[PDB]
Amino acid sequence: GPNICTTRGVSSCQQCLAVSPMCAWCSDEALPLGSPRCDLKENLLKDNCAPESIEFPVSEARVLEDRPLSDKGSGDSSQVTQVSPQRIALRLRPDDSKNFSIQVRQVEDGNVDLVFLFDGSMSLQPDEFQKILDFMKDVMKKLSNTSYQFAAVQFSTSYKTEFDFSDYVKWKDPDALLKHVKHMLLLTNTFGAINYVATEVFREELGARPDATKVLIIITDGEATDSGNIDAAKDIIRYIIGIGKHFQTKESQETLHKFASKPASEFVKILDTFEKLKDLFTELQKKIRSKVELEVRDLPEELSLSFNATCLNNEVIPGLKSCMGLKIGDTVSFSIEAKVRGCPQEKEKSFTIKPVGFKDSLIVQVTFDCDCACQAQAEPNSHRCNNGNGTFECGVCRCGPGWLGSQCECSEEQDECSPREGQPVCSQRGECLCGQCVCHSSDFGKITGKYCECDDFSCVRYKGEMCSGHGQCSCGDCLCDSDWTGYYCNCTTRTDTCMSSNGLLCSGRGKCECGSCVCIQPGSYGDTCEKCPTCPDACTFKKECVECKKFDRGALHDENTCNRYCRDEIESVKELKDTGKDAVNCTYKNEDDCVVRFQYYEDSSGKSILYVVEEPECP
């Protein structure tokens, strides 16, 4: 029956391909007249069309470079590959989309250039400054004769490279490398320091390796005294340690989030004392190699991408471009859908997909396949179209100016210019010539269609932009980019703003729709459905947070995931009180077999709170 390949008044092979990626064009000359030439390939074969004449391009994502992900090579012979594939050729027909995938692995023996950026401000006592030095020495000694190479920068009011990568490779001894450090005893210009590291330290001239993953360990005891941005360090993995009394308040700790990589729970470490630097190495090493985050570079306007992530145990999480909690050697995979808007005239485009901090990347070469191959057999001024009037292109007559018709015979001088006899001709947007509608020009776009009923400028708008600027208008209907859905193309496919602290989209208690959680589990609420005093498992989950946050013990403390999973503030109380229905009371026995008692409460300002009785009830 009817079909949009047939209901658009297409009069060429190129037009036929441009109306939809599902359309095919029949071009054999010995074809019945009343048969549509632009149709589905199946219906194009319902009537006998020559198979060598059906023009039907297929989009492809052709893998070109596919060096495998490196396993456990020790001498860095044959070189390390941490992204695969490395180069893909993407060819798209008009408005089409195409899948491809990328695999990323943090290889154990992959090179790492690590820079210590350590605070030398006037707040630090001599022994505290010395404990910062001993911590840098401890990290280096435990990573001696590995793929790690090191530099160290002291920062206060100004910045000083105390030793560079070339120094480390040559001398190796941390005692000798840091023997000449003089405590600056000034301010805490953390912005300028990080910018200094990005542009002045990670340099080949100073021994930085171009293939190495870049890591920055920042050690500080006070809030920054300068301002600005650290955009120049966005391709560096940044782990910050805030030590001491000046980071007692939650507010002060959060001022460090802007300097570290995301999320803060993995890359911001708060220590109450300097003595705890002695026990940090193992946690630190796991954290700095636990995140894979894809970044898209040089994406042309006409292309759109959406991502699904496979981070753990082959589980697909849609709408995500990153993975966290990774162990060294883990492999993650992403499924990527690329879509083009229309058909760009440009020769060839290419963008890159690269994990943050990594050298290796996937280069995606993009070409477009919008023309029919039969156009190479186009004869202008053809005897098959009247007085050489036009071209016999792919089995039809592309007529010249002034005269139209099947063979370009009708000039100035019938019936079908209206869907029925009552309506005006050509939707009052075109003129009826030679029995066909020739649509008026428009200042806002193009009017097309058999009856000039289609245009590309009257789609619904959202916030002043047609199709929210995230889709193309095709005969009054928005055709959304790959990363948008909805009648208005204003519903994002991304789900990162739905990810909850427990690692599940909408805490596993709801569904992500347009990037916002719709909570389904009864009694659940909050932005990611993470608040649920009446949920039956609330006590057993909050119990682990009382252990790690208040008592510095438990599974979450040992696994270094207390910051990740435990976002509720803890308040010590002498007793639990009647705080209303938005709470639950919990008890459990500690390893001394004394009863711990606490209340999970949801506060009217939006804060989850755990009220913990100060003294456990012992025998």
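Position 1 is the first residue in the sequence shown; the rest follow in order.
Chemist: Might you work out how many residues are unmodelled in the deposited sequence between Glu413 and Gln414, and answer none, 1 to 3, 4 to 9, or 10 or more?
Modeler: Gap size class: 4 to 9 residues without coordinates, per the record.
Chemist: Please compare 516-524 with 414-422 and name the stretch with the higher mean C-alpha B-factor in the deposited structure.
Modeler: Per the deposited B-factors, the answer is 414-422.
Chemist: Which has the higher mean CA temperature factor in the PDB entry, 487-495 or 218-226?
Modeler: Higher mean C-alpha B-factor in the PDB entry: 487-495.
Chemist: Quick one: which of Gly402, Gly471, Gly445, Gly325 has the biggest Cα B-factor according to the entry?
Modeler: Of the candidates given, the C-alpha B-factor peaks at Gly402.
Chemist: If you check the C-alpha B-factor for each of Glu346, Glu128, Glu337, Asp279 in the entry, which is highest?
Modeler: If I rank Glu346, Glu128, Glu337, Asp279 by C-alpha B-factor, first place goes to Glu346.
Chemist: Rank-wise, by C-alpha B-factor, drop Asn585 into the lowest, middle or highest third of its chain.
Modeler: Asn585: CA B-factor falls in the middle third of its chain.
Chemist: Is the Cα B-factor recorded for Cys566 in the lowest, middle or highest third of its chain?
Modeler: It falls in the bottom third of the chain.
Chemist: Place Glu162 in the lowest, middle or highest third of its chain's C-alpha B-factors, as listed in the PDB entry.
Modeler: Tercile = lowest for this residue's CA B-factor.
Chemist: When the deposited Cα B-factors of this chain's modelled residues are ordered and cut into thirds, is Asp371 in the lowest, the middle or the highest one?
Modeler: Top third by C-alpha B-factor.
Chemist: For the chain shown, is the CA B-factor of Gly244 in the lowest, middle or highest third of its modelled residues?
Modeler: Its C-alpha B-factor belongs to the middle third of this chain's values.
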